[PDB]
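First up is the structure itself, then whatever we jot down about it.
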């Protein structure tokens, strides 16, 4: 009864939190992922542009380096929805189990 | 490891004392044997089934006597004493002689013809009943209760037995065999009075449902019996991975919602309020229904749901798709959480099939109720035994002295060595009359020879000695009655019972 | 008497700190396998012969011409290296992540459990 | 049932079965048979055939199309 109706309000209120800042982080990650494009896009053609992720920086041509990097923008833009979707769903859940706590108290 | 004649003795030997001391305990007029535990625990009973127990049992055929006794204790529970009398009678008389005349065999056979003659005579000696007239039935129950001398509340419970058990009787093989008992539902209740109880329709749900969020009363919402498989499917139709993390909580619990609803909307398709959820119970299942404001009664028995299968007269539904009234909650029906005493009782009434009631019991409290229930339990079964058998017999020696003549008349006519069982069969009828002559406390040899004559002209059709009237009497005027089968049921057993130990010459380990 | 209930509270505080650290770090160590996994997709893509700027030493970065994209390392054993195919290397990266994954995983079941028992001691504390 | 004398050998197999209750044809000549030890039943498909909802009917058709 109530315990399982207590259990969902706890499991929600903890996990509803993170997705809220998770969208925030990716909105940020969209930016440099976009902005790291402009900075090399600032050089109209640079083949001594090195697209590399970590330690190694391999030589490539800025073009696909940008094609990656508007996606990297987009990719870093993307999950904000999911991370907002994960957000909005849980606040709706905490009150449901909160309710069947209360209505089954009253019944 | 045991042998032959000694078995045959130990048959007659044990089955003798097996058949015996509870006949002192027999009769409305009786003699209760005392039973001492080796610790000193004392017991006073007329119940052989009880008497069978504290006594230290060794003879394995005596164990086997306990078997057909319990086997009969399963069937009636009354006459378990009386069934083992006659096998004791049977095994005593013909066996040793006719095994020293060399056979279980002619002994075996002639009890086939011991059986039928009475079975014939039974249909002659027992007269049909009005199960239509419950009073015509009531006197039986009025008679059924009083051998163990319980009247006070039973006098009502007598009627209440009649009422439900005719209703809790709906059963058909197409030859319409009615054993149906589990339909009858009984209620332990505090308060009220032993003289106030009833039978309420469908099957009232008492035992394990007090559940206060059933709502209380269902006017015409359905009750829902789920062999669904209402268990939330964490995926689309399936159960996905568990929740160890935030991501598994959002996606999976969402798909857990749909499967509940889409079935609970199929449940809503039959429009309930009360859903008693048995298979596929989910913490989301009731919660959705509780969010659906459909009271979903969980943590519940399918036995309740089988009671509820007999409460709406319905079945329970494994179908996920398209749930129906005729699927579960057959008929308009009711569901009501009632407080008799203050105990919450679900009453699901109005089975889709008529003959729908289940016995409410109120005593002044549970116990003095249990006084009713225990005796009503006897009262109610005699019904379905009279409802089983719509013939009934003037009892006592009338029941006893009738067939022996035809049986001897057979033995005289049959004049084989099978005649000898029919002689061995003849007077075995008269032992409970001896007990009846014990019951009155009179001279048996006279009353026998006297009742023997009472079958010479009257043919003891209604005439036995009734120890409780004390005298050779019409048992119809006197009103000694049982539905025919019960007589036979007592009579059928001992035959086979004797015939059973009639087979054994060998115990072996 | 009085200190014993004071003792186990902030005791169980740190197991939270430790495990949250360990999953955090076992969230960290997994991330570099796909790094080792993904950098191979790039080197296949551009080609053997592209200039690679790899770190030389502290603040130093050293160049080089890409070669042998099919020749790619898995570091395993105690002190040992298996260079693997472009296919194979990306596999054990994925593997040793998954080795770390349940390693990382059970940490939070261990992480989250230690706080409420501190709380349980903190509950008794203000009691 | 019927007479005790009407016990008969019959051509092939008189079923012990649940006959089709839907208005099933009570004779199909020369039956090509599927003997099923397997129950047909049903399972819940959260999305069946089609997609579009042009009607509140169409809302219920998807999961019905299975």
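Residues of the range A:65-90 being within 14 Å of chain B (Cβ to nearest Cβ), touching a helix residue (DSSP H, G or I) at 6+ places or on another chain (Cβ under 6 Å) and part of a helix (DSSP H, G or I), which ones?
Here is the first cut: in the range A:65-90, the residues within 14 Å of chain B (Cβ to nearest Cβ) are A:79, A:81-90.
Filter again for touching a helix residue (DSSP H, G or I) at 6+ places or on another chain (Cβ under 6 Å), leaving A:79, A:83-84, A:86-87, A:89-90.
If the condition is that a residue be within 14 Å of chain B (Cβ to nearest Cβ), touching a helix residue (DSSP H, G or I) at 6+ places or on another chain (Cβ under 6 Å) and part of a helix (DSSP H, G or I), then A:83, A:84, A:86, A:87, A:89, A:90 are the ones that fit.
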Selection within the range B:184-223 - in a strand (DSSP E or B) and out of contact with any strand residue (DSSP E or B) (no Cβ under 7 Å at 6 or more places or on another chain)
B:193, B:196
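When you check residue C:31 against the structure, is it surrounded by fewer than 17 Cβ atoms within 10 Å (Cβ to Cβ) and within 13 Å of chain A (Cβ to nearest Cβ), yes or no?
On the way: surrounded by fewer than 17 Cβ atoms within 10 Å (Cβ to Cβ): yes; within 13 Å of chain A (Cβ to nearest Cβ): yes.
Yes.
Pick out the one residue from B:488, B:451 that is over 27 Å from the mean Cα position of the chain (by Cα) and part of a helix (DSSP H, G or I).
Values: B:488 fails: over 27 Å from the mean Cα position of the chain (by Cα).
Every option except B:451 fails the conditions.
Taking the criterion of being in a helix (DSSP H, G or I) and away from chain B (no Cβ under 14 Å), would at least one residue in the range A:42-55 satisfy it?
If we filter the range A:42-55 for residues that are in a helix (DSSP H, G or I), which is where we start, we get A:42.
Subset that is away from chain B (no Cβ under 14 Å): A:42.
There is at least one residue in the range A:42-55 that is in a helix (DSSP H, G or I) and away from chain B (no Cβ under 14 Å).
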Filter the range C:56-83 for residues that are touching a strand residue (DSSP E or B) at 6+ places or on another chain (Cβ under 8 Å) and more than 14 Å from every other protein chain (Cβ to nearest Cβ); the one that is surrounded by the fewest Cβ atoms within 10 Å (Cβ to Cβ) is C:81
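Looking at the structure I just gave you, is residue C:53 in contact (Cβ under 8 Å) with a residue 12 or more places away in the chain and surrounded by 14 or more Cβ atoms within 10 Å (Cβ to Cβ)?
Numbers: in contact (Cβ under 8 Å) with a residue 12 or more places away in the chain: no; surrounded by 14 or more Cβ atoms within 10 Å (Cβ to Cβ): yes.
No.
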Failed item, numbered, when residue B:507 is tested on (1) in contact with a helix residue (DSSP H, G or I) (Cβ under 6 Å, 6 or more places away or on another chain); (2) surrounded by 16 or more Cβ atoms within 10 Å (Cβ to Cβ):
(2)
State which residue is farthest from residue B:405 (Cα to Cα) when the search covers only the range B:446-463 and only residues that are loosely packed, with under 14 Cβ neighbours inside 10 Å and in contact with a helix residue (DSSP H, G or I) (Cβ under 9 Å, 6 or more places away or on another chain).
B:446
If we keep only residues of the range B:242-255 that are more than 11 Å from chain A (Cβ to nearest Cβ) and either in contact with a helix residue (DSSP H, G or I) (Cβ under 6 Å, 6 or more places away or on another chain) or closer than 24 Å to residue B:299 by Cβ (or both), then the residue surrounded by the most Cβ atoms within 10 Å (Cβ to Cβ) is B:252
Count - residues of the range B:30-89 that are out of contact with any helix residue (DSSP H, G or I) (no Cβ under 6 Å at 6 or more places or on another chain), more than 20 Å from residue B:378 (Cα to Cα) and buried (at least 21 other Cβ atoms within 10 Å of the Cβ):
0
Looking at the range B:380-444, what helices (runs of 4 or more DSSP H) fall wholly within it and have at least 2 residues that are touching a residue at least 12 places away in the same chain (Cβ under 8 Å) and either at positive phi or under 29 Å from the mean Cα position of the chain (by Cα) (or both)?
B:396-414, B:431-440
Just a yes or no: is a residue in the range B:169-183 closer than 22 Å to residue B:315 by Cα and touching a strand residue (DSSP E or B) at 6+ places or on another chain (Cβ under 8 Å)?
yes
Quickly run through the range B:306-329 and pick out the residues that are surrounded by fewer than 24 Cβ atoms within 10 Å (Cβ to Cβ) and either without any contact (Cβ under 8 Å) to a residue 24 or more places away in the chain or in contact with a helix residue (DSSP H, G or I) (Cβ under 7 Å, 6 or more places away or on another chain) (or both).
B:315, B:316, B:320, B:321, B:322
Identify all residues within the range B:100-145 that are within 23 Å of the chain's Cα centre (by Cα), surrounded by 13 or more Cβ atoms within 10 Å (Cβ to Cβ) and not in a helix (DSSP H, G or I); write none if there are none.
B:126, B:127, B:128, B:129, B:131, B:145
Quick one: which of A:8, A:30, A:62 is within 14 Å of chain C (Cβ to nearest Cβ) and surrounded by 13 or more Cβ atoms within 10 Å (Cβ to Cβ)?
A:62
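Take residue C:94 and tell me if it is surrounded by 13 or more Cβ atoms within 10 Å (Cβ to Cβ), more than 24 Å from residue A:54 (Cα to Cα) and away from chain A (no Cβ under 14 Å).
On the way: surrounded by 13 or more Cβ atoms within 10 Å (Cβ to Cβ): yes; more than 24 Å from residue A:54 (Cα to Cα): no; away from chain A (no Cβ under 14 Å): yes.
Against the criterion (surrounded by 13 or more Cβ atoms within 10 Å (Cβ to Cβ), more than 24 Å from residue A:54 (Cα to Cα) and away from chain A (no Cβ under 14 Å)), residue C:94 does not qualify.
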Hits in the range B:326-356 (condition: part of a strand (DSSP E or B) and within 14 Å of residue B:212 (Cα to Cα)):
B:335, B:336, B:337, B:338, B:339, B:344, B:345, B:346, B:347
Residues that are facing chain A (nearest Cβ under 10 Å), within 30 Å of residue C:107 (Cα to Cα) and touching a helix residue (DSSP H, G or I) at 6+ places or on another chain (Cβ under 8 Å), drawn from the range C:36-55:
C:36
Working carefully through the options D:21, D:11, D:7, D:3, find the one that is within 14 Å of chain B (Cβ to nearest Cβ) and either in contact (Cβ under 8 Å) with a residue 12 or more places away in the chain or exposed (fewer than 10 other Cβ atoms within 10 Å of the Cβ) (or both).
D:21
Only one of these conditions is not met by residue B:424: (1) buried (at least 24 other Cβ atoms within 10 Å of the Cβ); (2) touching a helix residue (DSSP H, G or I) at 6+ places or on another chain (Cβ under 6 Å); (3) under 22 Å from residue B:476 (Cα atoms). Which number is it?
(3)
Whichever residue in the range B:285-323 is away from every other protein chain (no Cβ under 14 Å) and outside any helix (DSSP H, G or I) and, among such residues, is nearest to residue B:197 (Cα to Cα)
B:311
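A short reminder: the numbers here are calculations on the coordinates, not readings from a lab. Backbone-built Cβ (ideal geometry, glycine too); neighbour counts: all protein chains shown.
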